[PDB]
């Protein structure tokens with residue numbers, strides 16, 4: 076073969092084999108060991124090496140679910156199993172947390188736990204409470220108790236460096252403003268700095284596999300980044316001026332959950348269509364005559380390869396790049412989807428421009444819509460769906476039109492995905515038509531603060547609906563739904579970072602982890 080496996084790859088493939096053996100061993104164990112298998116799933120999942128053990132994890136969680144009433148004997152294991160089983164789409168209930176709920180909103184650890192073990196139990200409680208479904212008030216109580224408790228722990232020191240780091244990480248990132256490889260990069264340090272953890276069982280093999288896989292795949296992604304930089308140069312977007320160097324940030328976001336080398340079309344197309352979507356938004360919003368907006372819309376509806384050779388050079392090159400990127404992505408998607416998807420794809424972009432055009436009309440006409448009208452048009456206009464559909468269609472999971480209507484527009488999943496992006500953006504303390519203003523118009527005399535609180539709360543509620551819908555089973559390939567969901571998470575994380590994203594680019598793309 077022209078290219079050999081690198082020595083890191085060989086070491087990783089050997090470690091994968093040994094860890095599969097550990098998974099099969101605990102399965103052969105004559106006896107109930109649901110927690111032990113749960114704890115092993117936990118480690119390889121937090122370290123985001125779980126894609127190498129899909130059969131071994133499925134067998135372990137099937138066994139954990141079967142023995143679930145056995146496994147959930149204390150606060151720690153109930154909270155851990157609740158989060159992991161739920162995130163993997165088993166029908167488990169937050170009621171399991173009631174067995175440990177006492178008075179004054181306090182939750183109960185076994186009394187023989189060391190202080191460090193108590194903190195570990197509460198962290199798993201905190202981590203579980205973040206995956207809340209609508210009407211699970213036990214989750215809000217769990218989150219509130221664990222927050223107050225974990226903050227008190229930090230106030231007093233008395234705790235080790237690695238455990239202290241674990242609290243701060245978990246409190247700062249939560250679940251929604253977070254991504255798998257972000258968590259994995261943090262747990263390489265949280266586990267690796269824990270002497271007792273590294274000394275136990277096969278933990279060191281698991282950690283080294285995670286470091287190896289991180290460094291291996293980062294170098295694949297750093298290679299792919301080159302091709303993206305060439306596209307920026309070739310397309311002349313480097314001269315757009317009104318453009319912004321953010322195609323690298325978007326690429327890194329995608330890398331922090333779409334990992335495998337075969338999914339380079341997904342990674343590439345998310346970074347391009349998302350940077351394009353940002354460019355097109357700045358055109359329709361800030362720079363460009365209503366004439367030119369109309370010509371753009373006409374060009375898109377006709378799918379012209381080019382705009383009138385009279386329009387400003389900026390709008391001219393942005394259109395060409397747009398038309399080309401979309402075409403390439405659809406050709407990529409024809410390979411996996413085994414069908415033409417350019418027609419479908421074009422309708423998606425049309426719906427996006429229709430949405431951005433309406434906001435242009437409104438600002439031009441002094442029209443302040445009602446909040447409900449704003450949010451409904453805000454779904455296609457946020458740009459979520461045009462950064463999501465085409466890249467997802469290039470994955471190796473067929474989304475037949477029948478099933479697309481369950482992930483794409485007009486599905487409830489897609490609608491909750493868009494509202495998360497829209498509501499998060501419209502709640503940033505970083513405009514005549516906004517979430518704030520439309521609300522004020524809907525509620526005369528409302529304070530600007532009074533509007534912020536209502537949209538912040540509504541986002542909390544929509545996120546819970548989103549999660550319930552995300553984890554509800556259907557005939558839709560999970561990997562497709564996971565990518566769509568992780569896009570929305572990447573955007574939540576992006577807004578957290580903007581309000589550093591550069592550190593996130595460095596960790597994901599540029600700097601390897603010392604072994």
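In PDB author numbering, the protein residues as written are 76 to 505, 513 to 581, 589 to 604. Just so it is clear, CB atoms sit at the ideal spot from N, CA and C, and this is done for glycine as well.
Tell me, please, which residues DSSP counts as bridged to residue 182.
On the chain shown, residue 182 is found 107 positions in, with the first residue counted as 1. Answer is 176, bridged to residue 182.
Close beta carbons around residue 231, own chain, < 7 Å, minus the five adjacent residues each side
Along the chain shown, read from residue 1 onward, the residue named residue 231 stands at position 156. No residues qualify anywhere along the chain.
Check for me: the alpha helix (DSSP H) holding residue 330 runs from which residue to which?
As a working note, residue 330 is residue 255 in the chain shown. Its alpha helix (DSSP H) spans residues 322 to 330.
Beta-carbon proximity check, residue 505 vs residue 564, cutoff 8 Å:
Sequence index remark: in the chain shown, residue 505 carries index 430 (1-based). Sequence index remark: in the chain shown, residue 564 carries index 482 (1-based). No.
So is residue 92 buried or exposed if we call it buried at 16+ other beta carbons inside 10 Å?
The residue given as residue 92 occupies position 17 in the chain shown. For residue 92, the number of other beta carbons within 10 angstroms of its own is below 16, and it is reported as exposed.
Burial state of residue 483 (16 or more Cβ within 10 Å):
In the chain shown, residue 483 corresponds to position 408, counting from 1. That one is buried.
Beta strand (DSSP E) runs wholly inside the stretch 453 to 493, at least 3 long, in chain order:
none
Is any heavy atom in the ligand FMN found nearer than 7 Å to the beta carbon of residue 452?
This structure simply doesn't include the ligand FMN, nor any ligand for that matter.
So what's residue 251 in DSSP terms, helix, strand or just coil?
Residue numbering aside, residue 251 sits at position 176 when the chain shown is read from its first letter. Residue 251: coil per DSSP, three-state reduction.
Closest to residue 597 by CA distance: which of 524, 549, 229 and 328 is it?
Here residue 597 refers to the residue found at position 508 when the chain shown is read from its first residue. Closest option to residue 597, Cα to Cα, is 328.
Near residue 433, which residues of its chain fall below 6 Å by C-beta distance, leaving aside the five closest residues on each side in sequence?
As a position in the chain shown, residue 433 is number 358, starting the count at 1. Within the same chain, residue 433 has close Cβ partners 452.
Under DSSP, the alpha helix (DSSP H) around residue 155 begins and ends at which residues?
Within the chain shown, numbered from 1, the residue matching residue 155 stands at position 80. Unbroken alpha helix (DSSP H) run through residue 155: 150 to 162.
Locate the alpha helix (DSSP H) running through residue 214, then write down its first and last residues.
Taking the first residue of the chain shown as 1, we reach residue 214 at position 139. Its alpha helix (DSSP H) spans residues 212 to 230.
Is it buried or exposed, residue 324, if we count other Cβ atoms within 10 angstroms and call 16 or more buried?
Counted from its first residue, the chain shown places residue 324 at position 249. Buried.
Indicate whether the contact test is met: 3 or more Cβ pairs, each with one atom in the stretch 374 to 388 and one in the stretch 292 to 305, closer than 8 Å.
no
Among residues of its own chain, excluding the 5 on either side of residue 202, which ones have a beta-carbon nearer than 6 Å to its beta-carbon?
Counting from 1 along the chain shown, the entry for residue 202 is found at position 127. So the qualifying residues of the chain are 158.
Check whether the stretch 469 to 477 and the stretch 441 to 461 are in contact - that is, three or more C-beta pairs closer than 8 Å.
no
CA nearest to the CA of residue 509, picked from 140, 115, 139 and 358
Within the chain, residue numbering steps from 505 directly to 513, and residue 509 belongs to the interval with no atoms modelled.
Contained alpha helix (DSSP H) runs [length at least 4] in the stretch 269 to 334, N- to C-terminal order:
For the stretch 269 to 334, whole alpha helix (DSSP H) runs of length 4 or above, ordered along the chain, are 270 to 274, 278 to 309 and 322 to 330.
Exposed unless 16 or more other CB atoms sit within 10 angstroms - verdict on residue 404:
In the chain shown, counting from the first residue as 1, residue 404 sits at position 329. With 16 or more other Cβ atoms within 10 Å, it is buried.
With 16 other Cβ atoms within 10 Å as the buried cut-off, status of residue 544
Counting from 1 along the chain shown, the entry for residue 544 is found at position 462. Label assigned to residue 544: buried.
Residues near residue 356 by beta carbon distance below 8 Å, same chain, minus five either side
Taking the first residue of the chain shown as 1, we reach residue 356 at position 281. Here the set comprises 431 and 458.
Classification of residue 520 by the beta-carbon crowding that lies within 10 angstroms, buried from 16 upward
On the chain shown, residue 520 is found 438 positions in, with the first residue counted as 1. Burial call: buried.
For a test of the three-state rule: what should DSSP assign to residue 167, helix, strand or coil?
Indexing the chain shown from 1 puts residue 167 at position 92. Looking at residue 167 - three-state DSSP - the assignment turns out to be coil, as it is neither helix nor strand.
Classify residue 127 as helix, strand or coil using the three-state DSSP reduction.
Against the chain shown, residue 127 aligns to sequence position 52. Helix.
Sorted by chain position, which residues of the same chain lie with C-beta nearer than 7 Å to residue 283's C-beta, five sequence neighbours on each side aside?
Indexing the chain shown from 1 puts residue 283 at position 208. Taking residue 283 as the centre and dropping the five residues before and after it, the same chain places the C-beta of 90 and 604 closer than 7 Å to its C-beta, in chain order.
Keeping to the same chain, check which residues put their C-beta closer than 7 Å to that of residue 437; ignore five residues upstream and five downstream.
Residue 437 sits at position 362 when you count from the first residue of the chain shown. So the qualifying residues of the chain are 444 and 515.
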